[PDB]
Every structure is written in C-alpha cells, then in structure tokens.
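# okay, here's the opening piece of the assembly, coordinates as they are in the complex:
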Amino acid sequence: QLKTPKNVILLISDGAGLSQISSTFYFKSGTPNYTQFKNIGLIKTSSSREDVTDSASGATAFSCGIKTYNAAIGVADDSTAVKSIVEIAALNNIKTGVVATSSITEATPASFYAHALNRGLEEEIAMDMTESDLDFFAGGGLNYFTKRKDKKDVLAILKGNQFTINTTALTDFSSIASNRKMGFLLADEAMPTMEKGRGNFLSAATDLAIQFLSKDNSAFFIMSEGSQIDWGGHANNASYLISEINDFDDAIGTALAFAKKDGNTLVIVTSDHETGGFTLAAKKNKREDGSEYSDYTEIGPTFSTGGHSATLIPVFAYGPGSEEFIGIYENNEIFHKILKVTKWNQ
C-alpha cells in the first residue's frame, strides 16, 4: 500500500535516452541530480502506427494515456479528442502549469493543453491555450499569439480569460502572487539555447510555477520540459545536447528540493524517446600513420542518425507513490499510473 501524493511534477527531457542522461555523469560539474532517484522503470515509446515515435504521439501517451499516431496532439488514433491529465486535474480542483524551453505551442507542451489533428497546427494550438484550464505557463512562442497568419490577437483573448501575461522576463513570486492565472511568453519562437545565454530559465520557471500553483494550500500538477535536448540530437551537436541536458538536471534538482521538503509531492522524470543515437564512445586519437586509434581513457561523443530511435527510455520517480513507476511498461501507462497514485476522479 503506497502513499498518496498531493502534488505531481512531471519533467520531460525531450530526446534523452540513457546515453544522453549518462553524459551528465562525465560532463557536468558535481554529481547529477539523477543520483537522488531510487525507483527506476523503463518505457517502450512506439506510437500506434510507428515503431519510432515523434514528440507529439510520445507526449500524448503521457498526457492522455493512449497510443496514437505520430503528429497527433491530444487526440486518439481516429483523430477524436481525448481527456487529458490537465483536464482531469482541473476537474479535481488541481492547479495546473506547463513550462518549456521551446515555443509553448510545440508538440510536448501542446499535448498537455490542446487537442489537434496535427502538431503543425501551431496557431490553432495557441488559440486552444485560451480555452484550456491551465493556470500557469512559461515558454517561448510569442509569434503564435501576436504575429499570426490570421492576424488575430490571441494575447488579448488570453487576458480576456483571466490570464496575466508577461512578455518581458520571469519575475519573482511576489510579483505575480495576486494574479489568478499567469503566462510568460519570453521569446518569439524558441527560448535561447544555453550556449546563447538562456541561463537558469527552466529551473527558475519551474520554481515559480510551484510557488504560484501552491497558493492557498492548493494541490498542483506541473509538466516542465527540457525541450532542446532533442535539437542537439538532431544536429548531432554534442556540446548543445550536453549543455541542454545539464540544465535539465538542474531543473530536476529544483523539483526534488521542493519535493523532499514538502513530503507530499511525486516527481517523475522521463523522456518521450531518444534521438541521434548519442554514444559516449572512446576519444579518437591520431598519431602519424596508423592515423586513427581509440583511447579508452576519455570520451568522444558520437552519433549514428539524424532522427529518433526506438530504445526503451528510463523513468525516474521520487516521492509518495513513486514505487508504481518501476518495472517495464508502455509509455502511455505513465498517464494511468499518475491517475492511479493520485486517486483523482477520472
């Protein structure tokens, strides 16, 4: 008989397989926050139609608990809308928040608040934000609200729905405490990469979300995404991938610091799939003309594809109910397990 968590924080590292996670044990200063986890599981990520998943179907597995087609956003294999964990949270009086380092309309965040036939429908997804039950969000994507092809002003619709919107910077908690709902759109498209000076946006915004959503003793659900780990993978760019996931691990530390002190919070860390076939290979040394040989003393990261892969993905869980997440299961069971441990009305 497991404990029942009041709050849940789901952290998603997009495109991080176990090799990507492992990089933090060789390329980060200090010990990775990954090490705080005891309860570990594995998820199989295939979609309803494809052995190799995309971010949309992979994230909809988590948010809605079904296998669906690549590119689907909160819809079933037949394109019908399906009830999400955010919509369940709202109906159980749970405050909800979403954070990402991509545009907020990108596939991962979108899967938690919208329902669309295709991830490419980003202006539609932005409009869906206005009819969602989200109480908090932070990410990029200002363009999809204020520079649309349909020239509509969705910002104004957002505010007309009780959202306080900031497009300048993240503020402290006291700045927004009196607000009913809070949205941060801090970039036209994607937030800056770590290498271009994003700094600790992800941890800070996650921390902000926790404070805001736990106002007045309220239970909360947060999804925070380290979005750009995936983009380093596609680019086969090791320093990009590594800096992005180091930042993600920082965010884990933030969620865990709150959970350990709160004692009523379940923290789940996982990924939607792996990308690039990132590998912590031996550093390649030279010499005159044997030319190229392997030196096992050090690591020289390599890649084998420009796209995703179907490896199983690690799941990490800490807090009340975390035991439910061990063993091996389908990605969509994440949803059903969250629902199980929280005991929320379906």
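Noted; the coordinates are in hand. Numbers count the residues shown, from 1 in each chain, chains lettered A, B, ... in the order given.
# next SSE after the stretch of helix or strand residue A:63 belongs to?
Using DSSP states H and E, the element containing residue A:63 is helix A:55-64. As assigned by DSSP H and E, the chain's next helix or strand after helix A:55-64 is helix A:85-91.
# so how far is that following helix off the chain centroid?
Helix A:85-91 sits 17 Å away from the centroid of its parent chain (C-alpha atoms, centre = their mean, to the nearest Å).
# hey, C-alpha coordinates of it in PDB?
Extracted in PDB, the C-alpha atoms of helix A:85-91 (Å, rounded to 0.1, in the frame of the first residue of the first chain):
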ATOM      1  CA  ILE A  85      -4.400  14.700 -17.200                       C
ATOM      2  CA  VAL A  86      -4.500  18.500 -17.100                       C
ATOM      3  CA  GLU A  87      -8.300  18.400 -17.800                       C
ATOM      4  CA  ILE A  88      -8.600  15.700 -15.100                       C
ATOM      5  CA  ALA A  89      -6.600  17.800 -12.700                       C
ATOM      6  CA  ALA A  90      -8.800  20.900 -13.300                       C
ATOM      7  CA  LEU A  91     -11.900  18.800 -12.600                       C
END
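# quick one: terminal-to-terminal distance for stretch A:294-314?
End-to-end distance for stretch A:294-314, by C-alpha to C-alpha, to the nearest Å: 29 Å.
# what comes up buried for that stretch?
Within stretch A:294-314, the residues that qualify as buried are A:299, A:301, A:303, A:308, A:309, A:311, A:312, A:313, A:314, counting by 16 or more other C-beta atoms under 10 Å. Every C-beta, even on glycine, is put in place using the N, C-alpha and C of the backbone.
# need the residues you listed in JSON lines (columns: distance to residue A:342).
Below are the buried residues of stretch A:294-314 laid out as JSON lines (distance: C-beta to C-beta, whole Å):
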{"residue": "A:299", "distance to residue A:342": "40"}
{"residue": "A:301", "distance to residue A:342": "38"}
{"residue": "A:303", "distance to residue A:342": "38"}
{"residue": "A:308", "distance to residue A:342": "30"}
{"residue": "A:309", "distance to residue A:342": "32"}
{"residue": "A:311", "distance to residue A:342": "29"}
{"residue": "A:312", "distance to residue A:342": "25"}
{"residue": "A:313", "distance to residue A:342": "22"}
{"residue": "A:314", "distance to residue A:342": "22"}
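# which one of the residues you listed is nearest residue A:210?
Nearest to residue A:210 among the buried residues of stretch A:294-314: residue A:314, at 23.7 Å, using C-beta to C-beta.
# one more chain, chain B:
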Amino acid sequence: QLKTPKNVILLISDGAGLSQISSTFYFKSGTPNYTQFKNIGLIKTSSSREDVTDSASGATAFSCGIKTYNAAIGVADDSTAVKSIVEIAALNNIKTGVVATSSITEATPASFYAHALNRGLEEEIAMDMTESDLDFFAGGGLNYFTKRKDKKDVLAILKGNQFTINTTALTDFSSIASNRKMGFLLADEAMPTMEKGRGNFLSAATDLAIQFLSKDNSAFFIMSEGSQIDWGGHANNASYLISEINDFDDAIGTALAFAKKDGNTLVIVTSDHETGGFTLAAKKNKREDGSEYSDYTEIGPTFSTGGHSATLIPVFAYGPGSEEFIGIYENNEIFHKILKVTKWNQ
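The block that follows adds chain B to the chains above:
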C-alpha cells in the same frame, strides 16, 4: 527481515546497453523475459584509470568489488590479487559455477576464478582453474587446456582435482549427477554463434549448473555470460548482436523460472558496458535524387563506433534482496550488494 537469498544467479550480457536490450522488444518472438523484472538500477562502468572500461576491469568490478585497470583479471589497481565472490562463496560453503559462450578463459568468466595481471594471459588463466574452488563450468576454450605452449595437459590436473571433463556435448543431468565437479569444454576456442547453430547451450548449461550445484541442498552462486553480444557490437553486425541477445534473454527466462519456483534465489542481470553505439534508428530510404530520408514505421539498426562506450548500464534484480540493487551506483558495488544481502561473510 526482508530478505536473505540462499542462492545467487548473476547473468552478464557482455556489451549490452539499454539499446541492445531494447532490440528484444522489437526483434524477438513474444515478450522478452526482461519484462519480469520490477527492481531496476543503473551502474557507472568506468574503470580505475579509464572513462571507457574493457571487459576485464568491468567484470573484476563485479567479481571482486573494486575499480581496477582495463585488462586486469581479479587484481586491484596496484595489481595485487583480491578475493573474488567465488572464493568468498567457497569459504561460506557455497557451491560455485561459471558458464560462457566464449572460451571459458575469456575476460568475463576468468575474472570469477583466476587472478592475472593481464587478460591476454589465457593459458595462465586456464592453469589458474586448477587452483580455484570452482565446482562447475561450461564454455569453449579447449585449446587453452590441451594445446599449450608449455605442452601440459591441464585436463589431467583438473581430473586429479575431482573434475569430470566432457569435451563432446552438453549431457542430461543424470549423466553428471554423481560427479563431484563438472566441466564442459565444447569448442576449441569460442562456442559457435547462434547463427551457426549453437542453439540453447546457454539456457541448457545454466539449468545444468543449477541442478548440479544444488545437489545435496547446497546453496549456490552461478555466473552465466551471454559473451558474444559484445562481438556483434564490435563487428557492427546487427543480426549477430540481436540473435545473441535474444539467446541471452532465453537464459534470463530459464533463471527466473527456477528462481520463482525456488523462492530463495536472487537473480541479477546486468552488463559490463555497452559496445558499438547500437541504435534502433528509423529505417533509411532512398529517393533516387536526394537519396536518404527516414521511415519511422520501421527500425534500421545502426552503429557509431567499433569499440565500447561509457553509458550507464541497467541492472535488473528479482528475488530476496532485489531491492538492494535499485538506484544509481558504481559497477563495483554489485559485489558489495550481493555480499550484503546473502550475508556471505569474510
């Protein structure tokens, strides 16, 4: 208390990272035996001197509980001999066995019965067999016992040590049940590959070991190795790798079927490290103009290196004490955790 295993079976898949494990979920008929595990942990595999380990230091970490230099067999970083789990087991009146699909003198099994400064000293390692307390072994490597530089007949010496030796085939248990010690040397060098018709030697030999060592109600320790998964990795040969790890997963099923019925047996499955950067990438198609694009509906396994990599490696544990093996830790803690749960003393 909960709980003390009487017996331990350690199954080592040489060179299998999570991606290699994952192939069993796409390329094997039926559900992988991997799915039987609930308790899962992760190990860091770096040696005492190298970020990227080899099979010798990697296995010595398991067998002797210390970090050591690449190529070391049952010796510490300063090259001094250290007590292995097989020796400790003997001291505690525990029967012992080693099974491998490579030569029985190869790095992995050797680290469990021999002590040598370098893994390449295989004729010395075969001779070390004569001074170990091993009760049972099965594998290849007949050459290292009978066609040696020193022209000695090591089988003669073993037979003096109460070994019965079979160089013809795996037999029924009734053929060996009255032997005091049993050794199978079923190939001159490595056992045949699955593709060349090795069949279920690995499962069969493990079953034989269990039945033989649990004679007279004795407790036992067994290490069985899926030795050739690694060679598949080095060769960047996908069918070779996958067929070898599917065989390994059959061995898992064999061990678990016994353990579940026995109720007093701890089964640990892990790997020494990953090799080849094996990746379950999307199938690559060619458009007669630009050629390469991805088809996410199917998998096309790819590789990115010819050597090992430093990814964290999954640990699976079932049975009494299995909870001790979760979380993230150094590879050499495998030794200490086994001792802790078995209460095998020094």
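# now with chain B: the buried residues of stretch A:294-314?
Neighbour-count burial for stretch A:294-314, counted by 16 or more other C-beta atoms under 10 Å in any protein chain shown, picks out A:294-296, A:299-314.
# how many residues are close by residue A:165?
Neighbourhood size, residue A:165 [other C-beta atoms under 10 Å in any protein chain shown]: 17.
# any idea how far the closest residue to residue A:167 other than its chain neighbours is from chain B?
In space, and not counting its chain neighbours, residue A:167 is closest to residue A:185: 5.1 Å by C-beta to C-beta, 6 or more residues apart in numbering or on different chains. From residue A:185 across to chain B, the span is 31 Å (C-beta to the nearest C-beta, to the nearest Å).
# can you pull the residues of the stretch 51-200 of chain A lying near chain B?
With C-beta under 8 Å from any C-beta of the partner chain as the criterion, the stretch 51-200 of chain A meets chain B at residues A:51, A:52, A:53, A:54, A:70.
# of these, buried ones?
Burial by neighbour count, judged by 16+ other C-beta under 10 Å, picks out A:51, A:52, A:53, A:54, A:70 from those.
# farthest pair in these?
A:51 and A:54 (11.7 Å).
# intersection of neighbour lists for those two?
Residues touching both residue A:51 and residue A:54 (C-beta atoms under 8 Å, 6 or more residues apart in numbering or on different chains): residue B:296.
# residue A:104 is in contact with the residue nearest to residue A:167, correct?
Yes - with contact defined as C-beta atoms under 8 Å, residue A:185 counts as touching residue A:104 (6.9 Å).
# joint contacts of those two?
The contact lists of residue A:185 and residue A:104 share A:139, A:140, A:141, where a contact means C-beta under 8 Å, 6+ apart.
# same list, those residues, but as JSON lines with distance to residue B:280, secondary structure and neighbour count please.
Below are the shared contacts of residue A:185 and residue A:104 laid out as JSON lines (distance: C-beta to C-beta, whole Å; DSSP: H, G, I helix; E, B strand; the rest coil; neighbours: other C-beta atoms under 10 Å in any protein chain shown):
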{"residue": "A:139", "distance to residue B:280": "30", "secondary structure": "strand", "neighbour count": "29"}
{"residue": "A:140", "distance to residue B:280": "31", "secondary structure": "strand", "neighbour count": "24"}
{"residue": "A:141", "distance to residue B:280": "31", "secondary structure": "coil", "neighbour count": "27"}
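# now do the helices in chain A.
With helices called from DSSP state H, chain A shows them at A:18-27, A:55-64, A:85-91, A:107-110, A:122-129, A:143-146, A:154-160, A:173-176, A:201-213, A:229-234, A:238-262, A:333-342.
# could the ones you listed go into JSON lines alongside mean neighbour count and distance to residue B:332?
Below are the helices of chain A laid out as JSON lines (neighbours: other C-beta atoms under 10 Å in any protein chain shown; distance: least, C-beta to C-beta, whole Å):
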{"stretch": "helix A:18-27", "mean neighbour count": "24", "distance to residue B:332": "15"}
{"stretch": "helix A:55-64", "mean neighbour count": "29", "distance to residue B:332": "35"}
{"stretch": "helix A:85-91", "mean neighbour count": "21", "distance to residue B:332": "41"}
{"stretch": "helix A:107-110", "mean neighbour count": "30", "distance to residue B:332": "38"}
{"stretch": "helix A:122-129", "mean neighbour count": "22", "distance to residue B:332": "49"}
{"stretch": "helix A:143-146", "mean neighbour count": "21", "distance to residue B:332": "51"}
{"stretch": "helix A:154-160", "mean neighbour count": "16", "distance to residue B:332": "55"}
{"stretch": "helix A:173-176", "mean neighbour count": "13", "distance to residue B:332": "45"}
{"stretch": "helix A:201-213", "mean neighbour count": "23", "distance to residue B:332": "33"}
{"stretch": "helix A:229-234", "mean neighbour count": "26", "distance to residue B:332": "30"}
{"stretch": "helix A:238-262", "mean neighbour count": "21", "distance to residue B:332": "24"}
{"stretch": "helix A:333-342", "mean neighbour count": "20", "distance to residue B:332": "33"}
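# understood, closing this out.
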